[PDB]
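Here you get one chain, nothing else, as structure tokens; it is the form deposited in one PDB entry.
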């Protein structure tokens, strides 16, 4: 547990939700300050501690690192700040990022997801808004509030209650059977790639999640973004394989992105 007296919070929020807010701050560690992002809040306490419990178990260059929890005026989860922020907003404001640079970033996300898959955690909210840029050439996955540690004997998490879900990033098996696996995250990764090569445009613009579900049941998918490399559009379509068993895992997806990235230059 962190000492609230060593944490200073800035006023401007990096994000918000029903839980509360995410704000920038500075945390005095031993001899220096660390720039941090802090999630600030009966059930929510448990969820935040669960979220922290997930981040505590993860250690990978492409996942946001948790500093710790701090109980003060409210419950806080202190994380290392990825100062460039969400990938979708960054590309919206920086339309001249090169396709090669986007490949590098999404490949980095796939390395982090490959690690998550190996560790047997499902993210359940993979999306461009939850890819944070440390630099224009270094991305980290964030926002583990919906993440679950899979049981040693199962390869999916079965949701009891359908809450407010990010339907546009979810695979059909999630929507129809409440079943969440690493392959479900692979589907989300495809949507994420689409967002990335579309410079942070929203997926399925103007459609209700229910209309997205119906479109996908018809075998229809989002089109190729302007200027998106063919091989990357092809990878998206592979990620959007309806049948979970035929859809690739992150091991395969990362390898494909690695080979393509290394082949550019």
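Definition used throughout: the rigid core is the maximal C-alpha set that superposes within 1.5 Å between two forms. Only residues modelled in both forms are compared. Residue numbers count along the first chain shown, from 1.
Of the other structures of this protein that model both sides of residue 163, a third or more give it no coordinates. According to the PDB entry, the deposited sequence contains 4 to 9 residues between residue 41 and residue 42 that lack coordinates.
Annotation for 255-263 versus 4-12: the higher mean temperature factor (C-alpha) is found in 4-12. Taking only CA atoms, the mean B-factor in the PDB entry is higher for 29-37 than for the other of 29-37 and 212-220.
Highest C-alpha temperature factor among 144, 75, 180, 121, as the PDB entry reports it: 75. Within the selection 168, 107, 129, 95, the deposited Cα B-factor values reach their highest point at 95.
For residue 188, the recorded CA B-factor ranks within the lowest third of the chain. Only modelled residues enter the ranking. Among the modelled residues of its chain, residue 195 has a C-alpha B-factor that falls in the lowest third according to the deposited record.
Split the chain's modelled residues into thirds by C-alpha temperature factor. Residue 86 is in the lowest one. Per-chain ranking of the deposited C-alpha B factor places residue 151 in the middle third. Per-chain ranking of the deposited C-alpha B factor places residue 125 in the lowest third.
There is another form of this protein, the form deposited in another entry, and it is not shown here; the text below is about that form.
The Cα shift for residue 18 between the shown form and the other one, taken after rigid core superposition, is 2 angstroms or larger. Core aligned; runs of 3 or more residues with all CA shifts at 2 Å or more between the shown form and the other one: 11-15, 17-19, in sequence order.
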